[PDB]
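Once you've had a glance at the structure underneath, I'll fire off some questions.
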Amino acid sequence: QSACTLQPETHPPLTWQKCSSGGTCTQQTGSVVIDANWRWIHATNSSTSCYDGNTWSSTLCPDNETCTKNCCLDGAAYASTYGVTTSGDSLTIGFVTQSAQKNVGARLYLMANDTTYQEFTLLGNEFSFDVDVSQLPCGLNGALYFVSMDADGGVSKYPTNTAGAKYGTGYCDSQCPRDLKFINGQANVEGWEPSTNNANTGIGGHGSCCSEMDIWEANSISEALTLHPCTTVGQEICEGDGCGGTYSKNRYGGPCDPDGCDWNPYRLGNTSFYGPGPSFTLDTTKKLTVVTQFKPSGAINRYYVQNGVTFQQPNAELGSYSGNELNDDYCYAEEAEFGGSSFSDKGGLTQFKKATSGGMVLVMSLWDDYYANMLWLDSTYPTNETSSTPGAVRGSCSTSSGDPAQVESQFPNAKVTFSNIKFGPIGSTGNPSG
Ligand SMILES: *[C@@H]1O[C@H](CO)[C@@H](O)[C@H](O)[C@H]1NC(C)=O
Ligand SMILES: *[C@@H]1O[C@H](CO)[C@@H](O)[C@H](O)[C@H]1NC(C)=O
Ligand SMILES: *[C@@H]1O[C@H](CO)[C@@H](O)[C@H](O)[C@H]1NC(C)=O
């Protein structure tokens, strides 16, 4: 895509802290940018839309190539259109923002500068953030995660992408998403079909795959961390059934693991660790700190901080596994007890370590789920089962919760706040903020 400038693009600022093992942290000045899919796409030389509702212009976008020629991405009014605002080290995303049109949620990337996403090498380092999920009911997900995107959002690889990271291009994840309007410098017009239940979205012929580290998939009721390896580490186009994921004859037919090896303390049998009010170890009505450590072996350690108390990830027992570190033994035991071989089939932690050894881009988002009502996160899934099937219960939300129309209507003012991001060698982020 090219970029037009009826709405000049200025990214909201966000400070964060970079820490050293020698005991110090110092302030970094970043900023956030909204993903291309949330942007107005119009004719390069007028206000006529190329994409409107959930379908492309037949006159302007007959094929991928003509569409990319005729059309452009424009800038975002972050606060007034998208309900995205920042203050110091704090970022808030509103759920439903009503302007001239209704906007639902957002997906944002942390930038190093105006034209470059911030790349983090996670392996051997730790990532800490604060989060307030108190305004997130069943069905919502304030996600913080990492994907193997290119720093320039694909500019050096695709001559017809001139918008780049400045306009939030280059998204990929382990779902190999086909709902993207631009992939690899080109419009996803060919094979586009409008969603049957979403007035604003659809599915194209092509998708965009890469490695995904889900640090935080969470609302006030449930939280999970999930690792998704792919056979090609970085961003790659896929076509149709080649994409696997949600849309394909074979969910598992693509280069990525869509399921992931997950750790949800509730799903694992600890139902008093995380929830709203004083009866939980972590009280979700209040801000909490989440720290994630990437052991050089490829294992993962997790701790939390609330009201100045440090809580380890609760010990879990599963098959032959016992402990609180996400390692090879945990992920094998999870498949053994809960079923599936997707994670292992795609190379497991060894493959995933290839992603964490390179750069990954930080993503912060807020969404509802038009495919599965977020039930896989916070409820019983699939819904025909009870807690008799191991792994089926992931949270205490009713199986009739999370319908998008319902939550968009009842909780339009829901929101997530991410703040106080800190990154450095393992053991370093507890150091005094700069
Ligand atoms: C932003 O960072 C990129 C990536 O190295 C660099 O090439 C570019 O010159 C930078 N822009 C500015 C204004 O510093
Ligand atoms: C669009 O179509 C062309 C040629 O048919 C294809 O090579 C390209 O990868 C497609 N791009 C997208 C984003 O779907
Ligand atoms: C849940 O985790 C908390 C905090 O670590 C712990 O005190 C408690 O014993 C755990 N409960 C179960 C059922 O394992």
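Along the sequence shown, residues carry numbers from 1. All ligand and atom numbering here is 1-based and tracks the order in the structure. Excluded from the calculations below are hydrogen atoms, water molecules and symmetry mates; all remaining heavy atoms, backbone and side chain alike, are included.
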With heavy atoms of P314 as the reference, note each atom of ligand 3 found under 4.0 Å away.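 So the atoms of ligand 3 that pass are 2 (O).
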Apply ring pair (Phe, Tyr, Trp, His ring centres under 6.0 Å) to residues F120 and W16 and explain how you reach the verdict. CA-CA 13 Å; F120 297 80; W16 58 280; 5.4 Å; yes
Just jot down the ligand 3 atoms closer than 4.0 angstrom to any heavy atom of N270, in number order.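 Reading through ligand 3 atom by atom, the close ones are 1 (C), 2 (O), 3 (C), 8 (C), 10 (C), 11 (N), 12 (C), 14 (O).
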Give me the nearest non-hydrogen protein atom to atom 2 (O) of ligand 2 as residue plus atom name, then the distance to 0.1 Å.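 That would be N64 ND2, 2.4 Å.
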Residue that, paired with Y78, satisfies side-chain contact (heavy atoms from CB on, under 4.5 Å) out of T10, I93, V33, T85: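 Considering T10, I93, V33, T85, a side-chain contact (heavy atoms from CB on, under 4.5 Å) with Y78 is found only for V33.
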What do we get for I237 next to ligand 2 when only non-hydrogen atoms under 4.0 Å count, side chain, backbone, both or neither?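 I237 to ligand 2: side-chain contact only, backbone stays beyond 4.0 Å.
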Is it the side chain (CB and beyond), the backbone, both or neither of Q186 that lies under 4.0 Å from ligand 2, heavy atoms counted?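 Both backbone and side chain.
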Any donor-acceptor pair under 3.5 Å from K181 side chain to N37 backbone: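 A pair under 3.5 Å: yes.
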Taking it one step at a time, do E325 and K295 satisfy salt bridge (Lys or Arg N to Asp or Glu O under 4.0 Å)? CA-CA 10 Å; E325 168 172 295; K295 274 183 79 222; 3.5 Å; yes
Would you check if there is a donor-acceptor pair between the side chains of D89 and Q17 at a distance under 3.5 Å?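 No, because no side-chain N or O of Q17 sits under 3.5 Å from a partner of the opposite role on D89.
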Of all the heavy atoms in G204, does at least one lie under 4.0 Å from an atom in ligand 2?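 It does not, in that no heavy atom of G204 comes within the 4.0 Å cut-off of ligand 2.
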Please could you name the atoms of ligand 2 that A187 approaches to less than 4.0 Å, counting only its heavy atoms?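 Numbered from 1, ligand 2 contributes 11 (N), 12 (C), 13 (C), 14 (O).
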Determine whether the aromatic ring centres of residues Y274 and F280 are separated by less than 6.0 angstrom.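 Ring centroids of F280 and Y274 are no less than 6.0 Å from each other.
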Under 3.5 Å donor-acceptor, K353 side chain and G298 backbone: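 Looks like no, no N/O pair under 3.5 Å.
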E65: numbered ligand 2 atoms lying under 4.0 Å from its heavy atoms: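 Going through ligand 2 atom by atom, the ones under 4.0 Å from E65 are 1 (C), 2 (O), 3 (C), 4 (C).
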Tell me whether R267 is salt-bridged to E223, with the criterion being a basic N under 4.0 Å from an acidic carboxylate O.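 Between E223 and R267 there is no salt bridge, as every charged N stays at least 4.0 Å from the carboxylate O atoms.
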Check whether any protein heavy atom sits under 4.0 Å from atom 7 (O) of ligand 3.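 No; the ligand atom in question lacks any protein heavy-atom contact below 4.0 Å.
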I'd like to know if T116 contacts ligand 1, where contact means a heavy-atom distance under 4.0 Å to any ligand atom.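 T116: in contact with ligand 1 (<4.0 Å).
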How far is atom 5 (O) of ligand 2 from its nearest protein heavy atom, and which residue and atom name does that atom have?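 Here the nearest protein heavy atom works out to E190 OE1, 2.6 Å.
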Is the contact between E239 and ligand 2 made by the side chain, the backbone, both, or neither, using heavy atoms and a 4.0 Å cut-off?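 It is neither part, as no heavy atom is under 4.0 Å.
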Are a donor atom and an acceptor atom from the side chains of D257 and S342 found within less than 3.5 Å of each other?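 Checked: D257/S342 side chains pair up, N/O donor to acceptor below 3.5 Å.
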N113: numbered ligand 1 atoms lying under 4.0 Å from its heavy atoms: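 By the 4.0 Å cutoff, the relevant atoms are 1 (C), 2 (O), 3 (C), 8 (C), 10 (C), 11 (N), 12 (C), 14 (O).
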Is a side-chain N or O of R178 found less than 3.5 angstrom from the main chain of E239, in a donor-acceptor match?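 Not confirmed, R178 side chain does not pair with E239 backbone.
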Atom 14 (O) of ligand 1 protein-contacted (non-hydrogen atom, under 4.0 angstrom):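 When distances to the protein are checked, atom 14 (O) of ligand 1 has a heavy atom within 4.0 Å.
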Can you confirm whether some protein heavy atom lies under 4.0 Å from atom 11 (N) of ligand 3, or whether none does?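 Under the 4.0 Å cut-off, atom 11 (N) of ligand 3 does have protein heavy-atom neighbours.
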